[PDB]
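Visitor: Turn this into a model:
(4 chains, ligands or ions: 6)
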Amino acid sequence: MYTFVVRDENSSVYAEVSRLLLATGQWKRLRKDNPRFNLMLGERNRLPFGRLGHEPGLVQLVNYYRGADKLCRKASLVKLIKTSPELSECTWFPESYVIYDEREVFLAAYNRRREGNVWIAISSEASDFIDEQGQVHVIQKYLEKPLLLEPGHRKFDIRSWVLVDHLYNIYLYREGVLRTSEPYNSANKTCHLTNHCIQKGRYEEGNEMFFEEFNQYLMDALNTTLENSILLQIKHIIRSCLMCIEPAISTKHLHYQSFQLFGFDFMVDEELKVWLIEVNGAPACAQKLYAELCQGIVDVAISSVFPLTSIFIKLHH
Amino acid sequence: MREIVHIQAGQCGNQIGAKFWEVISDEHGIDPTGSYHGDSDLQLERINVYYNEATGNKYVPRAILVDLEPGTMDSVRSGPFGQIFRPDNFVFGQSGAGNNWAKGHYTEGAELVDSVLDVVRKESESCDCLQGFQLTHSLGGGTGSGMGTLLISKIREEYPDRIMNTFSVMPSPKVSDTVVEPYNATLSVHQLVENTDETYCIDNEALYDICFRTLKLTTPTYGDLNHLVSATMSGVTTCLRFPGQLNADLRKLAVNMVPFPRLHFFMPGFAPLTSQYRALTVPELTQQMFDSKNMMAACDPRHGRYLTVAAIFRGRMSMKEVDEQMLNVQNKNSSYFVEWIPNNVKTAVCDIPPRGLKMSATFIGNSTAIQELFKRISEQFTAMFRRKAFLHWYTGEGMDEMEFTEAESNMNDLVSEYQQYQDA
Amino acid sequence: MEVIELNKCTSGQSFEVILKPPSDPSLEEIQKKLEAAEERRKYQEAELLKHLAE
Amino acid sequence: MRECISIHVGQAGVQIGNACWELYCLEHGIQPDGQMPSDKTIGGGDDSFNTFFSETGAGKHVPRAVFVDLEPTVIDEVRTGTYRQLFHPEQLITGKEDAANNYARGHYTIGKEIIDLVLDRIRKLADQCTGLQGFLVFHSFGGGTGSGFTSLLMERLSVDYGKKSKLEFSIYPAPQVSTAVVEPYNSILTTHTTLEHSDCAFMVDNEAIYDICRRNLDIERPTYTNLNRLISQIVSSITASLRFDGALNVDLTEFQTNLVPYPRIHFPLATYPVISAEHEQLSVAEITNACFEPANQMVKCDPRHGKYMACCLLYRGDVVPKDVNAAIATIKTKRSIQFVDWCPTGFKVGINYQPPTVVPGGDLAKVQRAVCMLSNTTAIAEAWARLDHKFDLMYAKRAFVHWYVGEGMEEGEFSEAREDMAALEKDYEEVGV
Ligand SMILES: COc1cc([C@@H]2c3cc4c(cc3[C@@H](Sc3ncccn3)[C@H]3COC(=O)[C@H]23)OCO4)cc(OC)c1OC
Ligand SMILES: Nc1nc2c(ncn2[C@@H]2O[C@H](COP(=O)(O)OP(=O)(O)OP(=O)(O)O)[C@@H](O)[C@H]2O)c(=O)[nH]1
Ligand SMILES: Nc1ncnc2c1ncn2[C@@H]1O[C@H](COP(=O)(O)OP(=O)(O)CP(=O)(O)O)[C@@H](O)[C@H]1O
Ligand SMILES: Nc1nc2c(ncn2[C@@H]2O[C@H](COP(=O)(O)OP(=O)(O)O)[C@@H](O)[C@H]2O)c(=O)[nH]1
Ligand SMILES: [Mg+2]
Ligand SMILES: [Mg+2]
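Guide: Numbering: from 1, shown residues only, chains lettered A, B, ... in the order given. Ligands and ions are numbered 1, 2, ... in the order given. Please see the structure below:
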């Protein structure tokens, strides 16, 4: 019998994970703030990592890697890619500048692009909407030439779910999701945002396309496959981002152990080239997928430390 | 601090005290004459705690025997290890106390108490550093109950900075001698709440049950109960009598077991319950020890929450197994341990086992379930008091119903406090 | 890079390797506090002994 | 010369001191009798070893130390132990009653009754000193004597020896390796009262020691001895500089200068090979990298998630500057050693060539070289957090508080102390992120 605690009541994912842990008859939820737990499904904010790994005779596992924020906050991601030798200055991340600072450079660039240049924080004249707003932000090259789902002239984004267990094995869930946009207009402005939120169901149920239909669409309209045209680059980008920060978040020799489920967000342009948009640390899931993914989280991330065809692609050992 | 001073008051008190001196005199290699005859040095390293060294090796239990009737103490002088006791230290009246709290506390006991305190001074003054006192008594009769608590007060007046410790036998209808027992108990619980630092609650009910429905003894005698008692007393006094990691004192125990001044009423448990050629396994000892069927109170710990716990493991075993099993009991049933006292279960190991046993485990709990014991008594008390029954025996000794009323209230309060912390 | 301040000795070496440049009370008072605790202890003892005498 | 008086308060300290001094004697070649065949300067010598050991006409080298506990036992062992002849009666001072794991009892009640006596004995030692650098104080955080008397002594030492420096070697409470239930309280209290009387404190978490003793030395249930021996080694490493020829940390003052940025941020994290005798020799690189393995630390923390403000490397054995530097580079590239923006990122290195000694029959293997790293990471604050949190759990219900109020203390001290710890945690959070 293993004991666990729950400290993010909003996590749909780990709500489900706790439900199945209970449903196995060998796990028992304790009250939050009980120290003597095997597994923590902690909070997204100010998680007390400094307190794991000191319960005598208790192996302790937590569902968040400490330090990954550097990849899951926008400005932090830009700083990370730019100043990492493993990530050059790369070809899969849209040109980016952080401003509150890297103001000048931004302008410099704009100029070089205003000599015959759309950006996002979406406009084309350097104007800012940041100073008349809130926090730190980042000016990013807007992808003006996206690959459009043509029986609708639509925008989309791909979302992939990536699990990192305690051994820093990187697994890609075989099922990703396409969040699909009203047609596109290179002049004006909701469609441009593929966010379901904004979106709210014509072509796709809840403006969501799964991988089978995307594969048939590329096969039938473009004579390629999802794997060849896009998934080789998704797996490359994931491996790069994650193997990059490994020396700084690995719990290999730590007094406690970490796993974590990430949601990578990619855009494809019309040359079938994948670009990293954002890494999300506390992702949701496609509802049809909630069942499968959560079980895999118990299969490869929890019961691997607490013992009781594969839905994951091993990107890492 | 070092030396303990031991006091036996009343029938039950002198019976369990005499057994305790037999048991630990055996453990320490002291024959009935006071001569050491044991192998290990471990037996004599802390013998100063319970024995005063005298003349040719002779060791004398630092014990004071007290009663208002000469019977049980004659019985003691006569029996096994009967003459290990300093003959001066027998202090006894002739009247008796008639299972009457008022008599032991206010009238007959008051005559005898000064001669007791005399012997107490003589022993305390011959000590390098007196830790405090340990008293054995029942709460249901008259001498032990009332005179014992009176002594507790007297001694505290004279040694307010020392530790008061009692093994107090709680009465139960299952094993009763008189109907007034609830009164007597409620009166001394009152005193104990105020004037002891640690009272081990030995409930006759549990000893009965464990004799009947576990040792499977259909007709238990007071000796059957008292062997459970002497086993427990050896157990919980071990780390005070033997060298080791946690050299224990009475104060540190108190400091480590009593989060709040009044809640100082402990539940002892013991494994293996005897009455044994196969030694058990650490896992066994451990789980037996934490089960209710091994508690010497009557309360089920699964009904409340452990505030503090101390376990002692005696014999030759793996400390690795001991730590694993202890953390397994907690981590598994982490619901029954309060979260506002971190790391509240401590464990000690001593190599010397009790007699007859090769491996053994004793356990001391400040658990909120003790409220059950107190509640039981409160009820019994009320029943009678509500109709002012059998009160004449006490009123005719100068007492007033108000005293009783106060006592009841106090015990009721105790229960409340305990509950308060069960919901925290 | 920069290795500086190398002291060599028959029993040791010592040195500094830089990698990147930057960017009371009173006996009295105490005694007092101590004596205040002492007297506080005494008050409670008094209360006790009084209660005990009652 | 520049002598260092060492005071050992409480069981932990006394017992640890025993170990340390034994090692010391083995390391310097002093025999239990006090004789050091090597000393050709009989009855004297301004040599380095004399910073810790004085000398008699008969050629006895005596530890400049004071062992103090409020209970006869333990010190009594010393008094009747293998090295008993080394020490002098007055140096060992015992009381009659412990502090029942209560700071109050030790700091106030029982302390006031012995403080002056101890202080006197120290003076005796100070008078035999021509240039006292200061004091090295070894104690527990959870014990009553170890917390209370220590705190008092500190205050007083800061009064009777003001300009002298005081360094600490403290034992952080770990649930395992025994622990009262109130150690958290006692710990915070003593820290509050000592914070400004100590210039550098080396905290050692028994949890960490235990683990190492279990893992790297395969001991199922480590004993205080097992642990203390390891600890002593580490202490030696830190204390060698003052007992041997060298140029790093040869004065108690240096420690602060090189490790303590602001007065309160004065708790360096220490990391030390720990092998069983059963033979793969390790390399400067290898050992230096371990200095960055979190499992080899005396306090369990994740430095990576925290920033550095100072780092000294103290090697012992066959080690040459080059190898060191090389290693550093490599490590720099591989591991993450982020510093605060206002600190230089260099590593201050020292080497005593005198190779490490082992206690015969001990569990540590004799080794050809070793390193003790000393860093200032904001990460050490984690160990404060843990303590603070436990303290809070108990204090919110006032659990056990009566035991302290009954000894003279006021609930306020608790709060004042806690707040001080709250302040400390912030200071760290600042210098850090
Ligand atoms: C003879 O009775 C015993 C008494 C005790 C108590 C006690 C009770 C507790 C507790 C801890 C302690 C520790 S304190 C300590 N201080 C510094 C370092 C390590 N430890 C003991 C030391 O000396 C004692 O008297 C204490 O956590 C909750 O309840 C323990 C025993 O075994 C476990 C006993 O044997 C059954
Ligand atoms: N590492 C190590 N820790 C010890 C040793 N002795 C005690 N401890 C630890 O010290 C803490 C208790 O402090 P002690 O030094 O034993 O107590 P003390 O200062 O004598 O205080 P009192 O006995 O209450 O007067 C506990 O956390 C134990 O883990 C030791 O020899 N080595
Ligand atoms: N450089 C760029 N070029 C084109 N579109 C971009 C873009 N950066 C962001 N977007 C668009 O912005 C939308 C919102 O995603 P974005 O990453 O900017 O905020 P977000 O945090 O809400 C994503 P999520 O909800 O998945 O975490 C994406 O669906 C994408 O269509
Ligand atoms: N366990 C145990 N309980 C006893 C013994 N003798 C009496 N009792 C219980 O103690 C109470 C009677 O008190 P007793 O000791 O005879 O009276 P006293 O001489 O006036 O103090 C009743 O609750 C009895 O059940 C005994 O030897 N062992
Ligand atoms: Mg009777
Ligand atoms: Mg002690």
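Visitor: measure the residue in chain D positioned nearest to ligand 3 to residue D:376 for me?
Guide: Using C-beta to the nearest ligand atom, the closest approach of chain D to ligand 3 is made by residue D:433 at 23.4 Å. In this view, the C-beta of every residue, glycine as well, is placed from N, C-alpha and C. Remark: distance between residue D:433 and residue D:376 (C-beta to C-beta, to the nearest Å) = 15 Å.
Visitor: so the residue of chain D closest to ligand 3 touches residue D:307, yeah?
Guide: Yes. Contact criterion C-beta atoms under 8 Å: residue D:433 and residue D:307 qualify, at 7.5 Å.
Visitor: shared neighbours of those two, which are they?
Guide: Applying C-beta atoms under 8 Å, 6 or more residues apart in numbering or on different chains, one finds that residue D:433 and residue D:307 are jointly contacted by residue D:378.
Visitor: Which one of these two is surrounded by more residues?
Guide: residue D:307 (20 against 10; other C-beta atoms under 10 Å in any protein chain shown).
Visitor: ok, now which ones touch the more buried one?
Guide: D:338-340, D:377-378, D:431-433.
Visitor: In the stretch 1-150 of chain A, which residue sits nearest chain B?
Guide: residue A:57 (4.0 Å; C-beta to the nearest C-beta).
Visitor: so that residue, which of the three states?
Guide: For residue A:57, the assignment made with DSSP: H, G, I helix; E, B strand; the rest coil gives coil.
Visitor: what number of residues lie near it?
Guide: 14.
Visitor: which ones are touching it?
Guide: Taking C-beta under 8 Å, 6+ apart as the definition, contacts of residue A:57 comprise B:323-324, B:327, B:331.
Visitor: Also residue B:417?
Guide: Contacts of residue B:417 (C-beta under 8 Å, 6+ apart): B:260, B:262-263.
Visitor: out of those, who's nearest residue D:407?
Guide: residue B:260 (16.1 Å; C-beta to C-beta).
Visitor: Look up how far chain D lies from residue A:312.
Guide: 28 Å (C-beta to the nearest C-beta, to the nearest Å).
Visitor: Check chain C for the residue nearest ligand 4 and tell me.
Guide: For chain C, C-beta to the nearest ligand atom, closest residue to ligand 4: residue C:52, 23.0 Å.
Visitor: ok, that residue - contacts?
Guide: B:153, B:156-157.
Visitor: Of the residues you listed, which belong to helices?
Guide: B:153, B:156-157 (DSSP state H).
Visitor: top of the residues you listed by neighbour count?
Guide: Going by other C-beta under 10 Å, residue B:156 tops those with 20 neighbours.
Visitor: ok, now which ones touch residue 20?
Guide: By default, I'm working from chain A. If you count contacts by C-beta under 8 Å, 6+ apart, then residue A:20 has A:294-295, A:298 around it.
Visitor: That was the other one, I meant chain C.
Guide: Neighbours of residue C:20 in contact, by C-beta under 8 Å, 6+ apart: D:339, D:344-346.
Visitor: Can you show me the strands along chain C?
Guide: C:3-9, C:12-17 (DSSP state E).
Visitor: between these, which gets nearest to ligand 3?
Guide: strand C:12-17 (43.5 Å).
Visitor: So for stretch B:385-403, first residue to last residue, what's the gap.
Guide: Taking C-alpha to C-alpha, to the nearest Å, the first and last residues of stretch B:385-403 lie 12 Å apart.
Visitor: mind listing what's buried in it?
Guide: B:385, B:391, B:393-394, B:397, B:399, B:403 (16 or more other C-beta atoms under 10 Å in any protein chain shown).
Visitor: just stretch B:364-381 next, same as before
Guide: For stretch B:364-381, using 16+ other C-beta under 10 Å, the buried residues are B:364-378, B:380-381.
Visitor: Now, the residues you listed that are in strands?
Guide: Going by DSSP E, the strands hold B:364-367 from the buried residues of stretch B:364-381.
Visitor: Same list, these, but as CSV with distance to residue A:184 please.
Guide: Shown next, in CSV, are these (distance: C-beta to C-beta, whole Å):
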residue, distance to residue A:184
B:364, 75
B:365, 71
B:366, 71
B:367, 70
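Visitor: list the contacts for the residue of the stretch 201-350 of chain D found nearest ligand 2?
Guide: Closest contact between the stretch 201-350 of chain D and ligand 2, by C-beta to the nearest ligand atom, is at residue D:224 (3.8 Å). Counting by C-beta under 8 Å, 6+ apart, residue D:224 touches B:245, D:15, D:177.
Visitor: The second one: what secondary structure?
Guide: Same thing as residue D:15. Under three-state DSSP, residue D:15 comes out as helix.
Visitor: do you know how far it is from ligand 2?
Guide: 4 Å (C-beta to the nearest ligand atom, to the nearest Å).
Visitor: show me what contacts the nearest residue to that residue once chain neighbours are set aside?
Guide: Excluding the flanking residues, the one nearest residue D:15 by C-beta to C-beta, 6 or more residues apart in numbering or on different chains is residue D:228, at 5.7 Å. Neighbour list for residue D:228: D:15-16, D:18-19 [criterion: C-beta under 8 Å, 6+ apart].
Visitor: same deal with residue B:23?
Guide: B:230-231, B:233-234, B:354-355.
Visitor: residues in chain C within reach of chain D, list them.
Guide: Contact residues (C-beta under 8 Å from any C-beta of the partner chain) of chain C with chain D: C:2-3, C:6-7, C:9-27, C:30, C:34, C:36-38, C:40-41, C:44.
Visitor: What sits closest to residue D:401 if chain neighbours are left out?
Guide: residue D:411 (6.2 Å).
Visitor: And residue B:412, by the same measure?
Guide: residue B:378 (5.9 Å).
Visitor: wait, that neighbour sits on residue B:411?
Guide: Yes. Residue B:378 is in contact with residue B:411 according to C-beta under 8 Å; the separation is 5.5 Å.
Visitor: just the helices in the chain please.
Guide: Chain wasn't specified; assuming chain A. A:12-22, A:69-72, A:74-83, A:103-114, A:196-199, A:211-222, A:226, A:232-245, A:287-296.
Visitor: wrong chain, I was asking about chain B
Guide: Applying DSSP H to chain B gives helices spanning B:10-27, B:71-78, B:101-102, B:108-125, B:148-158, B:181-195, B:204-212, B:222-241, B:250-257, B:282-290, B:319-332, B:371-386, B:392-395, B:401-422.
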